[PDB]
Amino acid sequence: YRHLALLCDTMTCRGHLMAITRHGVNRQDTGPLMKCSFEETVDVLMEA
DNA sequence: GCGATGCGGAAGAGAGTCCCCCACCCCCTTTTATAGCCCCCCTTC
């Protein structure tokens with residue numbers, strides 16, 4: 001359960017349903033370098 | 001009467017898995033020697 005509970009917590013820790021796509025994982029306030037390694041490498045870095 | 005605006009729906013992006021003018025050079029022409037090559041007309045039968 002702890003593995004399942006951890007995934008659900010990360011998807012709801014910010015008070016809204018956060019998808020595990022780029023639209024939810026890159027929107028969270030992480031560093032641009034982490035975001036660029038996931039998806040949208042240049043668009044993420046251009047915005048930063 | 002006289003304007004002014006937010007939301008749903010549709011659309012659309014965006015990401016993942018040629019013709020002319022201006023130098024410069026060559027050939028036009030003439031002379032001559034050389035000789036193989038080849039076109040053209042003539043001649044043969």
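Any value given below was found using the heavy atoms of this structure, including those in side chains, with hydrogens, waters and symmetry copies removed. Per chain, numbering begins at 1; letters A, B, ... match sequence-line order.
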J.: Taking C1'-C2'-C3'-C4' as the guide, is B:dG16 a north (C3'-endo side) or a south (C2'-endo side) sugar?
T.: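 It is north, as the sign of the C1'-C2'-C3'-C4' dihedral turns out positive.
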J.: Could you give the CZ-to-P distance, from A:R27 to B:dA15, as a whole number of Å?
T.: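 Answer to the nearest Å: 11 Å.
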J.: Could you tell me how far apart A:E39 (CD) and B:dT17 (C1') are, to the nearest whole angstrom?
T.: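 Computing the A:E39:CD to B:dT17:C1' distance gives 9 Å.
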J.: Expressed as a whole number of angstroms, how long is the span from A:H23:NE2 to B:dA15:P?
T.: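 My rounded result for the distance is 10 Å.
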J.: Mind telling me if B:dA23 is north or south by its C1'-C2'-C3'-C4' torsion?
T.: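 A south-puckered sugar, given its negative torsion.
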J.: In whole angstrom, what separates A:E47's CD from B:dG14's P?
T.: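 Value for this atom pair: 13 Å.
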J.: With a 6.0 Å cut-off (strictly less than), is the heavy-atom count around CD1 of A:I20, excluding the residue itself, greater than 12?
T.: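 Counting other residues, nucleotides and ligands, CD1 of A:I20 exceeds 12 neighbours.
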J.: How would the sugar of B:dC21 be described, north or south, if a positive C1'-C2'-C3'-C4' means north and a negative one means south?
T.: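 South, since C1'-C2'-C3'-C4' is negative for B:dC21.
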J.: In whole Å, I'd like the distance from the NZ atom of A:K35 to the P atom of B:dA15.
T.: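 Atom-to-atom, A:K35 to B:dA15, this comes out as 16 Å.
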J.: Between A:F38 (CZ) and B:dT17 (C1'), how many Å, whole number?
T.: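 Value for this atom pair: 12 Å.
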J.: Main chain of A:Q28, side chain of A:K35: is a donor-acceptor contact present, judged purely on distance under 3.5 Å?
T.: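 Present.
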J.: Could A:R27 and A:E47 be called an ion pair, given the rule that one side-chain N must be under 4.0 Å from one carboxylate O?
T.: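 No, no charged N to carboxylate O under 4.0 Å.
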J.: Any stacking for adjacent B:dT34 and B:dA35 under the 5.5 Å centre, 30° plane criterion?
T.: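 No, B:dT34 and B:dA35 do not stack on each other.
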J.: Kindly indicate whether the side chain of A:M18, heavy atoms from C-beta on, has any atom under 4.5 Å from the side chain of A:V25.
T.: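 Sidechains of A:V25 and A:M18: in contact.
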J.: Based on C1'-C2'-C3'-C4', put the sugar of B:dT5 on the north side (positive) or the south side (negative).
T.: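 Taking the sign of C1'-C2'-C3'-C4' as the criterion, B:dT5 has a south sugar, on the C2'-endo side.
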J.: Would you mind reading off the distance between A:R22 atom CZ and B:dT17 atom P, rounded to a whole angstrom?
T.: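 The distance from CZ of A:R22 to P of B:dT17 comes to 10 Å, rounded to the nearest Å.
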